[PDB]
>>> print(open('coords.cif').read())   # mmCIF, N, CA, C and O atoms
data_target
#
loop_
_atom_site.label_atom_id
_atom_site.label_comp_id
_atom_site.auth_asym_id
_atom_site.auth_seq_id
_atom_site.Cartn_x
_atom_site.Cartn_y
_atom_site.Cartn_z
N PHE B 1 -14.39 141.71 -138.36
CA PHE B 1 -13.34 140.74 -138.63
C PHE B 1 -13.22 139.73 -137.49
O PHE B 1 -12.63 138.67 -137.65
N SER B 2 -13.80 140.08 -136.34
CA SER B 2 -13.75 139.19 -135.18
C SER B 2 -14.53 137.90 -135.40
O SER B 2 -14.21 136.89 -134.77
N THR B 3 -15.53 137.92 -136.28
CA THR B 3 -16.33 136.73 -136.55
C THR B 3 -16.10 136.15 -137.94
O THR B 3 -16.44 134.98 -138.16
N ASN B 4 -15.55 136.93 -138.87
CA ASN B 4 -15.31 136.41 -140.22
C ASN B 4 -14.20 135.36 -140.23
O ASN B 4 -14.23 134.45 -141.06
N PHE B 5 -13.23 135.48 -139.33
CA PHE B 5 -12.14 134.51 -139.28
C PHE B 5 -12.60 133.16 -138.76
O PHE B 5 -11.90 132.15 -138.94
N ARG B 6 -13.77 133.11 -138.12
CA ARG B 6 -14.27 131.84 -137.59
C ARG B 6 -14.53 130.84 -138.72
O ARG B 6 -14.20 129.66 -138.60
N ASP B 7 -15.13 131.31 -139.81
CA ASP B 7 -15.41 130.42 -140.94
C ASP B 7 -14.12 129.87 -141.53
O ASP B 7 -14.02 128.67 -141.83
N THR B 8 -13.11 130.73 -141.69
CA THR B 8 -11.83 130.29 -142.24
C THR B 8 -11.15 129.29 -141.32
O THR B 8 -10.60 128.29 -141.78
N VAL B 9 -11.19 129.54 -140.01
CA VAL B 9 -10.57 128.63 -139.06
C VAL B 9 -11.28 127.28 -139.08
O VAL B 9 -10.63 126.23 -139.04
N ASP B 10 -12.61 127.28 -139.16
CA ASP B 10 -13.35 126.02 -139.19
C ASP B 10 -13.08 125.26 -140.48
O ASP B 10 -12.97 124.03 -140.47
N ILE B 11 -12.96 125.97 -141.60
CA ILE B 11 -12.70 125.32 -142.88
C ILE B 11 -11.27 124.79 -142.94
O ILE B 11 -11.00 123.81 -143.64
N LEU B 12 -10.34 125.43 -142.23
CA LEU B 12 -8.95 124.99 -142.24
C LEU B 12 -8.71 123.73 -141.42
O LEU B 12 -7.59 123.21 -141.44
N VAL B 13 -9.71 123.24 -140.70
CA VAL B 13 -9.56 122.04 -139.89
C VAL B 13 -10.08 120.80 -140.62
O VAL B 13 -10.37 119.78 -139.99
N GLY B 14 -10.21 120.88 -141.94
CA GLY B 14 -10.69 119.76 -142.72
C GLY B 14 -9.67 118.65 -142.88
O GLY B 14 -10.00 117.55 -143.32
N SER B 15 -5.48 119.97 -150.26
CA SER B 15 -4.12 120.46 -150.08
C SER B 15 -4.09 121.98 -149.99
O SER B 15 -3.06 122.61 -150.26
N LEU B 16 -5.22 122.57 -149.62
CA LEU B 16 -5.34 124.02 -149.49
C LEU B 16 -4.85 124.54 -148.15
O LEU B 16 -5.17 125.69 -147.79
N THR B 17 -4.11 123.73 -147.39
CA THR B 17 -3.61 124.18 -146.09
C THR B 17 -2.68 125.38 -146.24
O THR B 17 -2.79 126.34 -145.48
N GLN B 18 -1.78 125.34 -147.22
CA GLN B 18 -0.87 126.46 -147.42
C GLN B 18 -1.62 127.72 -147.82
O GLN B 18 -1.32 128.81 -147.33
N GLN B 19 -2.62 127.58 -148.69
CA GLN B 19 -3.40 128.74 -149.13
C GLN B 19 -4.18 129.35 -147.97
O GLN B 19 -4.18 130.58 -147.79
N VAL B 20 -4.84 128.52 -147.16
CA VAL B 20 -5.60 129.05 -146.04
C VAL B 20 -4.66 129.68 -145.02
O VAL B 20 -4.98 130.72 -144.42
N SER B 21 -3.49 129.08 -144.81
CA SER B 21 -2.54 129.64 -143.85
C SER B 21 -2.06 131.00 -144.32
O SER B 21 -1.97 131.95 -143.53
N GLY B 22 -1.75 131.12 -145.61
CA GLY B 22 -1.29 132.39 -146.13
C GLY B 22 -2.37 133.45 -146.05
O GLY B 22 -2.10 134.61 -145.71
N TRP B 23 -3.61 133.07 -146.37
CA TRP B 23 -4.71 134.03 -146.31
C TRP B 23 -4.92 134.51 -144.88
O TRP B 23 -5.12 135.70 -144.63
N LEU B 24 -4.88 133.58 -143.91
CA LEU B 24 -5.07 133.96 -142.52
C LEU B 24 -3.94 134.86 -142.04
O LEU B 24 -4.18 135.82 -141.30
N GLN B 25 -2.70 134.55 -142.43
CA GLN B 25 -1.57 135.37 -142.01
C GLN B 25 -1.65 136.77 -142.61
O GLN B 25 -1.36 137.76 -141.93
N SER B 26 -2.05 136.87 -143.88
CA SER B 26 -2.16 138.17 -144.53
C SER B 26 -3.38 138.95 -144.06
O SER B 26 -3.42 140.18 -144.23
N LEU B 27 -4.38 138.27 -143.48
CA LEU B 27 -5.57 138.97 -143.01
C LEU B 27 -5.26 139.90 -141.85
O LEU B 27 -5.98 140.89 -141.64
N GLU B 28 -4.21 139.62 -141.09
CA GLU B 28 -3.83 140.45 -139.96
C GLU B 28 -2.51 141.18 -140.23
O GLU B 28 -1.93 141.05 -141.31
N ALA B 29 -5.78 140.04 -126.94
CA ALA B 29 -7.09 140.41 -127.46
C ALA B 29 -7.95 139.18 -127.73
O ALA B 29 -8.18 138.37 -126.83
N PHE B 30 -8.41 139.05 -128.97
CA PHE B 30 -9.24 137.90 -129.34
C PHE B 30 -8.43 136.62 -129.41
O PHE B 30 -8.96 135.53 -129.16
N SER B 31 -7.14 136.72 -129.76
CA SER B 31 -6.30 135.54 -129.86
C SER B 31 -6.12 134.87 -128.50
O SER B 31 -6.10 133.63 -128.41
N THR B 32 -5.99 135.66 -127.44
CA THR B 32 -5.81 135.10 -126.10
C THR B 32 -6.99 134.21 -125.73
O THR B 32 -6.81 133.09 -125.23
N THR B 33 -8.21 134.68 -125.98
CA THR B 33 -9.40 133.90 -125.67
C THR B 33 -9.63 132.78 -126.68
O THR B 33 -10.29 131.79 -126.35
N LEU B 34 -9.12 132.93 -127.90
CA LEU B 34 -9.30 131.91 -128.93
C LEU B 34 -8.42 130.69 -128.66
O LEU B 34 -8.86 129.55 -128.86
N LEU B 35 -7.18 130.90 -128.22
CA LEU B 35 -6.29 129.77 -127.94
C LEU B 35 -6.81 128.90 -126.81
O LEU B 35 -6.46 127.71 -126.75
N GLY B 36 -7.60 129.46 -125.89
CA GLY B 36 -8.12 128.66 -124.79
C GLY B 36 -8.99 127.52 -125.28
O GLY B 36 -8.91 126.40 -124.78
N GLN B 37 -9.84 127.80 -126.28
CA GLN B 37 -10.71 126.76 -126.82
C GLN B 37 -9.89 125.65 -127.46
O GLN B 37 -10.20 124.47 -127.29
N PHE B 38 -8.84 126.02 -128.20
CA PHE B 38 -8.00 125.01 -128.84
C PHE B 38 -7.31 124.15 -127.79
O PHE B 38 -7.24 122.92 -127.93
N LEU B 39 -6.80 124.78 -126.73
CA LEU B 39 -6.13 124.02 -125.68
C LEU B 39 -7.11 123.07 -125.00
O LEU B 39 -6.77 121.91 -124.72
N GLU B 40 -8.33 123.55 -124.72
CA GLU B 40 -9.32 122.70 -124.08
C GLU B 40 -9.69 121.52 -124.98
O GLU B 40 -9.84 120.39 -124.51
N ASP B 41 -9.83 121.78 -126.28
CA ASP B 41 -10.17 120.71 -127.21
C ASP B 41 -9.05 119.67 -127.26
O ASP B 41 -9.32 118.46 -127.29
N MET B 42 -7.80 120.12 -127.27
CA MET B 42 -6.68 119.19 -127.30
C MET B 42 -6.66 118.34 -126.03
O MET B 42 -6.43 117.13 -126.08
N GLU B 43 -6.90 118.98 -124.88
CA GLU B 43 -6.91 118.26 -123.62
C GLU B 43 -8.02 117.21 -123.62
O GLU B 43 -7.81 116.08 -123.16
N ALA B 44 -9.20 117.58 -124.12
CA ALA B 44 -10.31 116.64 -124.16
C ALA B 44 -9.99 115.47 -125.09
O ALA B 44 -10.29 114.31 -124.78
N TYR B 45 -9.37 115.76 -126.24
CA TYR B 45 -9.02 114.70 -127.18
C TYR B 45 -8.04 113.73 -126.55
O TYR B 45 -8.16 112.51 -126.71
N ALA B 46 -7.04 114.25 -125.82
CA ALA B 46 -6.07 113.37 -125.18
C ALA B 46 -6.72 112.57 -124.06
O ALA B 46 -6.40 111.38 -123.87
N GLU B 47 -7.62 113.19 -123.29
CA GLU B 47 -8.28 112.49 -122.20
C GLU B 47 -9.21 111.40 -122.72
O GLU B 47 -9.45 110.41 -122.03
N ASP B 48 -9.74 111.58 -123.93
CA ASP B 48 -10.64 110.59 -124.52
C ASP B 48 -9.93 109.29 -124.89
O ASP B 48 -10.61 108.36 -125.34
N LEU B 49 -8.61 109.22 -124.74
CA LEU B 49 -7.88 108.00 -125.08
C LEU B 49 -8.33 106.83 -124.22
O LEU B 49 -8.53 105.71 -124.71
N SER B 50 -8.50 107.07 -122.92
CA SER B 50 -8.93 106.03 -122.00
C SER B 50 -10.44 106.09 -121.76
O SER B 50 -11.16 105.13 -122.02
N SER B 51 -9.93 105.04 -132.56
CA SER B 51 -8.68 105.76 -132.78
C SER B 51 -8.69 106.48 -134.12
O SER B 51 -7.78 106.32 -134.93
N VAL B 52 -9.73 107.28 -134.35
CA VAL B 52 -9.91 108.04 -135.58
C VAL B 52 -9.81 109.54 -135.32
O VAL B 52 -9.81 110.34 -136.26
N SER B 53 -9.68 109.94 -134.06
CA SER B 53 -9.58 111.35 -133.69
C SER B 53 -8.19 111.94 -133.91
O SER B 53 -8.02 113.15 -133.71
N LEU B 54 -7.21 111.13 -134.31
CA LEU B 54 -5.87 111.66 -134.54
C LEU B 54 -5.82 112.75 -135.61
O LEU B 54 -5.17 113.78 -135.37
N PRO B 55 -6.44 112.59 -136.79
CA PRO B 55 -6.37 113.68 -137.78
C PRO B 55 -6.92 114.99 -137.24
O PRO B 55 -6.42 116.06 -137.58
N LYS B 56 -7.96 114.91 -136.40
CA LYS B 56 -8.54 116.13 -135.84
C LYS B 56 -7.51 116.84 -134.96
O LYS B 56 -7.37 118.06 -135.03
N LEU B 57 -6.79 116.07 -134.14
CA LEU B 57 -5.78 116.67 -133.28
C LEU B 57 -4.66 117.28 -134.11
O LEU B 57 -4.15 118.36 -133.79
N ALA B 58 -4.25 116.58 -135.18
CA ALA B 58 -3.19 117.11 -136.03
C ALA B 58 -3.62 118.42 -136.67
O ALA B 58 -2.86 119.40 -136.69
N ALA B 59 -4.85 118.47 -137.19
CA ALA B 59 -5.35 119.69 -137.81
C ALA B 59 -5.44 120.81 -136.78
O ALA B 59 -5.15 121.97 -137.09
N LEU B 60 -5.85 120.47 -135.55
CA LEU B 60 -5.94 121.48 -134.51
C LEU B 60 -4.57 122.06 -134.20
O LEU B 60 -4.41 123.27 -134.03
N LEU B 61 -3.55 121.19 -134.13
CA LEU B 61 -2.20 121.68 -133.85
C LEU B 61 -1.71 122.57 -134.98
O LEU B 61 -1.08 123.60 -134.73
N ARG B 62 -1.99 122.18 -136.23
CA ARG B 62 -1.54 122.99 -137.36
C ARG B 62 -2.22 124.36 -137.37
O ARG B 62 -1.56 125.38 -137.58
N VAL B 63 -3.54 124.40 -137.14
CA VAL B 63 -4.22 125.69 -137.14
C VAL B 63 -3.73 126.52 -135.96
O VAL B 63 -3.61 127.75 -136.08
N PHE B 64 -3.44 125.89 -134.82
CA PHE B 64 -2.95 126.64 -133.67
C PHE B 64 -1.60 127.27 -133.99
O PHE B 64 -1.35 128.43 -133.66
N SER B 65 -0.72 126.51 -134.66
CA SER B 65 0.59 127.04 -135.01
C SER B 65 0.45 128.19 -136.00
O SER B 65 1.15 129.21 -135.89
N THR B 66 -0.46 128.05 -136.98
CA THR B 66 -0.65 129.12 -137.95
C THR B 66 -1.18 130.37 -137.27
O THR B 66 -0.75 131.49 -137.60
N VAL B 67 -2.10 130.21 -136.33
CA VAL B 67 -2.65 131.36 -135.62
C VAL B 67 -1.56 132.04 -134.79
O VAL B 67 -1.47 133.27 -134.74
N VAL B 68 -0.71 131.24 -134.14
CA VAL B 68 0.37 131.80 -133.33
C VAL B 68 1.34 132.59 -134.20
O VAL B 68 1.74 133.70 -133.85
N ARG B 69 1.72 132.03 -135.36
CA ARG B 69 2.64 132.74 -136.24
C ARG B 69 1.98 133.87 -137.01
O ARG B 69 2.69 134.66 -137.64
N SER B 70 0.65 133.96 -136.98
CA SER B 70 -0.04 135.03 -137.71
C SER B 70 0.29 136.41 -137.17
O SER B 70 0.21 137.39 -137.92
N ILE B 71 0.66 136.52 -135.90
CA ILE B 71 0.99 137.81 -135.31
C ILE B 71 2.34 138.30 -135.84
O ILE B 71 3.37 137.67 -135.61
N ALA B 72 4.19 138.03 -120.69
CA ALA B 72 5.16 137.10 -121.26
C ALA B 72 5.37 135.91 -120.34
O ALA B 72 6.39 135.21 -120.43
N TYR B 73 4.41 135.67 -119.45
CA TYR B 73 4.48 134.56 -118.51
C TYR B 73 3.56 133.40 -118.86
O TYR B 73 3.74 132.30 -118.32
N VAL B 74 2.58 133.60 -119.75
CA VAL B 74 1.68 132.53 -120.13
C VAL B 74 2.27 131.63 -121.20
O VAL B 74 1.79 130.50 -121.39
N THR B 75 3.32 132.08 -121.90
CA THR B 75 3.94 131.26 -122.94
C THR B 75 4.51 129.97 -122.36
O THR B 75 4.35 128.89 -122.94
N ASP B 76 5.17 130.07 -121.20
CA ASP B 76 5.76 128.88 -120.58
C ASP B 76 4.69 127.87 -120.18
O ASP B 76 4.82 126.67 -120.45
N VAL B 77 3.61 128.33 -119.53
CA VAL B 77 2.56 127.41 -119.11
C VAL B 77 1.87 126.78 -120.32
O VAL B 77 1.59 125.58 -120.33
N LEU B 78 1.59 127.57 -121.37
CA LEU B 78 0.93 126.98 -122.53
C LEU B 78 1.85 125.98 -123.23
O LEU B 78 1.38 124.93 -123.68
N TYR B 79 3.15 126.29 -123.32
CA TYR B 79 4.07 125.36 -123.96
C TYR B 79 4.16 124.06 -123.17
O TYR B 79 4.18 122.97 -123.75
N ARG B 80 4.22 124.17 -121.84
CA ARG B 80 4.30 122.97 -121.01
C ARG B 80 3.03 122.14 -121.15
O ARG B 80 3.08 120.91 -121.21
N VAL B 81 1.87 122.81 -121.20
CA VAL B 81 0.60 122.10 -121.35
C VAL B 81 0.57 121.37 -122.68
O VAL B 81 0.12 120.22 -122.76
N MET B 82 1.02 122.04 -123.74
CA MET B 82 1.03 121.41 -125.06
C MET B 82 1.97 120.21 -125.08
O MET B 82 1.63 119.15 -125.63
N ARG B 83 3.15 120.35 -124.48
CA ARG B 83 4.09 119.24 -124.46
C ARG B 83 3.52 118.06 -123.68
O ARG B 83 3.65 116.90 -124.10
N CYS B 84 2.87 118.33 -122.54
CA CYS B 84 2.30 117.25 -121.74
C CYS B 84 1.14 116.57 -122.47
O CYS B 84 1.04 115.34 -122.46
N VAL B 85 0.27 117.36 -123.10
CA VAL B 85 -0.86 116.77 -123.82
C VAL B 85 -0.37 115.95 -125.00
O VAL B 85 -0.98 114.94 -125.36
N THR B 86 0.73 116.36 -125.63
CA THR B 86 1.25 115.61 -126.77
C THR B 86 1.93 114.32 -126.31
O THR B 86 1.73 113.26 -126.92
N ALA B 87 2.71 114.40 -125.24
CA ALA B 87 3.40 113.21 -124.73
C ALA B 87 2.44 112.23 -124.06
O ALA B 87 2.79 111.06 -123.91
N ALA B 88 1.25 112.69 -123.66
CA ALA B 88 0.30 111.80 -123.01
C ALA B 88 -0.15 110.69 -123.96
O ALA B 88 -0.28 109.53 -123.56
N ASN B 89 -0.39 111.03 -125.23
CA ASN B 89 -0.82 110.05 -126.21
C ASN B 89 0.35 109.18 -126.65
O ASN B 89 0.92 109.39 -127.74
N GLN B 90 0.73 108.22 -125.82
CA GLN B 90 1.83 107.31 -126.10
C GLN B 90 1.33 105.89 -126.39
O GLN B 90 1.96 104.90 -126.00
N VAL B 91 0.19 105.79 -127.07
CA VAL B 91 -0.41 104.51 -127.41
C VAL B 91 -0.54 104.32 -128.92
O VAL B 91 -0.19 103.26 -129.45
N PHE B 92 -1.03 105.34 -129.62
CA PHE B 92 -1.19 105.26 -131.07
C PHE B 92 0.12 105.51 -131.82
O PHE B 92 0.39 104.84 -132.82
N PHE B 93 0.93 106.45 -131.34
CA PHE B 93 2.22 106.80 -131.94
C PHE B 93 2.03 107.22 -133.41
O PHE B 93 2.48 106.56 -134.35
N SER B 94 1.32 108.33 -133.57
CA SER B 94 1.03 108.88 -134.89
C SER B 94 2.12 109.87 -135.28
O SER B 94 2.45 110.78 -134.51
N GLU B 95 2.69 109.68 -136.47
CA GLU B 95 3.74 110.58 -136.94
C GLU B 95 3.18 111.92 -137.40
O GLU B 95 3.84 112.96 -137.23
N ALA B 96 1.98 111.91 -137.98
CA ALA B 96 1.38 113.15 -138.45
C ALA B 96 1.18 114.14 -137.32
O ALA B 96 1.48 115.33 -137.47
N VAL B 97 0.68 113.68 -136.17
CA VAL B 97 0.49 114.60 -135.05
C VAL B 97 1.83 114.99 -134.46
O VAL B 97 1.99 116.11 -133.96
N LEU B 98 2.83 114.10 -134.52
CA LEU B 98 4.14 114.40 -133.97
C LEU B 98 4.81 115.54 -134.74
O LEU B 98 5.43 116.42 -134.14
N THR B 99 4.70 115.53 -136.07
CA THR B 99 5.32 116.61 -136.85
C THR B 99 4.68 117.95 -136.51
O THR B 99 5.38 118.96 -136.33
N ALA B 100 3.34 117.99 -136.42
CA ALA B 100 2.66 119.23 -136.10
C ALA B 100 3.03 119.70 -134.70
O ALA B 100 3.21 120.90 -134.47
N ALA B 101 3.15 118.76 -133.76
CA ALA B 101 3.52 119.12 -132.40
C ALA B 101 4.92 119.70 -132.37
O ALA B 101 5.18 120.69 -131.68
N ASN B 102 5.85 119.09 -133.10
CA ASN B 102 7.22 119.60 -133.12
C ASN B 102 7.25 121.00 -133.71
O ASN B 102 7.94 121.89 -133.19
N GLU B 103 6.48 121.23 -134.79
CA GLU B 103 6.45 122.55 -135.40
C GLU B 103 5.88 123.59 -134.45
O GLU B 103 6.44 124.69 -134.32
N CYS B 104 4.77 123.27 -133.77
CA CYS B 104 4.18 124.23 -132.85
C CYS B 104 5.11 124.51 -131.68
O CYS B 104 5.24 125.67 -131.26
N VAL B 105 5.77 123.48 -131.14
CA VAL B 105 6.68 123.69 -130.02
C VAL B 105 7.85 124.57 -130.47
O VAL B 105 8.29 125.45 -129.73
N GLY B 106 8.36 124.33 -131.68
CA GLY B 106 9.47 125.14 -132.16
C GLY B 106 9.07 126.59 -132.33
O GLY B 106 9.81 127.50 -131.95
N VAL B 107 7.88 126.83 -132.89
CA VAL B 107 7.41 128.20 -133.08
C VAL B 107 7.21 128.88 -131.73
O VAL B 107 7.57 130.05 -131.54
#
>>> encode(input="coords.cif", output="structure tokens")
Amino acid sequence: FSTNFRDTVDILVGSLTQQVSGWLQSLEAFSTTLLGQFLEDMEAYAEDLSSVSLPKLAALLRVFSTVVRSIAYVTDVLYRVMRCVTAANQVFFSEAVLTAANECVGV
């Protein structure tokens, strides 16, 4: 199961979002190491600013939130990193990524 979820996660970054989210949540360490890649990708996307990559960032935030909800000192650092990476992109002002960011921060 450690490698079967990779295909689902990759396919979920493409209106089947609710279906894939439900399947992933019902399907259930590896999560700790998996979130690192998502954080690195988000940081790289934000650093690449200095404009079609926005949907990718939005999808990444949504899959990250779904993975987090699928299930104590690293939570604060990861939340701060996410808030900083989201606030860094203050040029395009995309609402789609903002909603996903708000949802992930709330979760």
>>> closest_residue(input="coords.cif", among="B:55, B:62, B:49, B:105", to="residue 14 (chain B)", atoms="all atoms listed in the file")
B:55
>>> resolve_selection(input="coords.cif", expression="the PyMOL selection byres (((chain B and resi 88-95 and name CA) around 8) and name CA)", output="PDB file with N, CA, C and O atoms, in the frame of the given file")
ATOM      1  N   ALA B  46      -7.040 114.250-125.820  1.00  0.00           N
ATOM      2  CA  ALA B  46      -6.070 113.370-125.180  1.00  0.00           C
ATOM      3  C   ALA B  46      -6.720 112.570-124.060  1.00  0.00           C
ATOM      4  O   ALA B  46      -6.400 111.380-123.870  1.00  0.00           O
ATOM      5  N   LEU B  49      -8.610 109.220-124.740  1.00  0.00           N
ATOM      6  CA  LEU B  49      -7.880 108.000-125.080  1.00  0.00           C
ATOM      7  C   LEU B  49      -8.330 106.830-124.220  1.00  0.00           C
ATOM      8  O   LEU B  49      -8.530 105.710-124.710  1.00  0.00           O
ATOM      9  N   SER B  51      -9.930 105.040-132.560  1.00  0.00           N
ATOM     10  CA  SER B  51      -8.680 105.760-132.780  1.00  0.00           C
ATOM     11  C   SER B  51      -8.690 106.480-134.120  1.00  0.00           C
ATOM     12  O   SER B  51      -7.780 106.320-134.930  1.00  0.00           O
ATOM     13  N   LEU B  54      -7.210 111.130-134.310  1.00  0.00           N
ATOM     14  CA  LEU B  54      -5.870 111.660-134.540  1.00  0.00           C
ATOM     15  C   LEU B  54      -5.820 112.750-135.610  1.00  0.00           C
ATOM     16  O   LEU B  54      -5.170 113.780-135.370  1.00  0.00           O
ATOM     17  N   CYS B  84       2.870 118.330-122.540  1.00  0.00           N
ATOM     18  CA  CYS B  84       2.300 117.250-121.740  1.00  0.00           C
ATOM     19  C   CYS B  84       1.140 116.570-122.470  1.00  0.00           C
ATOM     20  O   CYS B  84       1.040 115.340-122.460  1.00  0.00           O
ATOM     21  N   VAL B  85       0.270 117.360-123.100  1.00  0.00           N
ATOM     22  CA  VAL B  85      -0.860 116.770-123.820  1.00  0.00           C
ATOM     23  C   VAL B  85      -0.370 115.950-125.000  1.00  0.00           C
ATOM     24  O   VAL B  85      -0.980 114.940-125.360  1.00  0.00           O
ATOM     25  N   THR B  86       0.730 116.360-125.630  1.00  0.00           N
ATOM     26  CA  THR B  86       1.250 115.610-126.770  1.00  0.00           C
ATOM     27  C   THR B  86       1.930 114.320-126.310  1.00  0.00           C
ATOM     28  O   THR B  86       1.730 113.260-126.920  1.00  0.00           O
ATOM     29  N   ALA B  87       2.710 114.400-125.240  1.00  0.00           N
ATOM     30  CA  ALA B  87       3.400 113.210-124.730  1.00  0.00           C
ATOM     31  C   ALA B  87       2.440 112.230-124.060  1.00  0.00           C
ATOM     32  O   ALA B  87       2.790 111.060-123.910  1.00  0.00           O
ATOM     33  N   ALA B  96       1.980 111.910-137.980  1.00  0.00           N
ATOM     34  CA  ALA B  96       1.380 113.150-138.450  1.00  0.00           C
ATOM     35  C   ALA B  96       1.180 114.140-137.320  1.00  0.00           C
ATOM     36  O   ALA B  96       1.480 115.330-137.470  1.00  0.00           O
ATOM     37  N   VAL B  97       0.680 113.680-136.170  1.00  0.00           N
ATOM     38  CA  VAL B  97       0.490 114.600-135.050  1.00  0.00           C
ATOM     39  C   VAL B  97       1.830 114.990-134.460  1.00  0.00           C
ATOM     40  O   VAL B  97       1.990 116.110-133.960  1.00  0.00           O
ATOM     41  N   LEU B  98       2.830 114.100-134.520  1.00  0.00           N
ATOM     42  CA  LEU B  98       4.140 114.400-133.970  1.00  0.00           C
ATOM     43  C   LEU B  98       4.810 115.540-134.740  1.00  0.00           C
ATOM     44  O   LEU B  98       5.430 116.420-134.140  1.00  0.00           O
ATOM     45  N   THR B  99       4.700 115.530-136.070  1.00  0.00           N
ATOM     46  CA  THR B  99       5.320 116.610-136.850  1.00  0.00           C
ATOM     47  C   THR B  99       4.680 117.950-136.510  1.00  0.00           C
ATOM     48  O   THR B  99       5.380 118.960-136.330  1.00  0.00           O
TER      49      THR B  99
END
>>> resolve_selection(input="coords.cif", expression="the PyMOL selection byres (((chain B and resi 26 and name CA) around 12) and name CA)", output="ChimeraX atom specification")
/B:5,19-25,27-28,66-67,69-71
>>> atom_distance(input="coords.cif", atom1="CA of residue 34 (chain B)", atom2="CA of residue 102 (chain B)")
21.0 Å
>>> atom_distance(input="coords.cif", atom1="atom C of residue 11 (chain B)", atom2="atom C of residue 59 (chain B)")
9.4 Å
>>> select_by_dssp(input="coords.cif", residues="chain B", states="alpha helix (DSSP H)", output="number ranges by chain")
B: 4-11, 17-27, 30-47, 54-70, 74-88, 95-106
>>> atom_distance(input="coords.cif", atom1="atom N of residue 12 (chain B)", atom2="atom N of residue 80 (chain B)")
25.1 Å
>>> axis_aligned_box(input="coords.cif", around="region 41-56 of chain B", padding_each_side="4 Å", output="AutoDock Vina command-line options")
--center_x -8.2 --center_y 113.4 --center_z -129.8 --size_x 14.0 --size_y 24.7 --size_z 24.0
>>> closest_residue(input="coords.cif", among="B:44, B:32, B:83, B:50", to="residue 68 (chain B)", atoms="only C-alpha atoms")
B:32
>>> closest_residue(input="coords.cif", among="B:61, B:72, B:77, B:16", to="residue 101 (chain B)", atoms="only N, CA, C and O atoms")
B:61
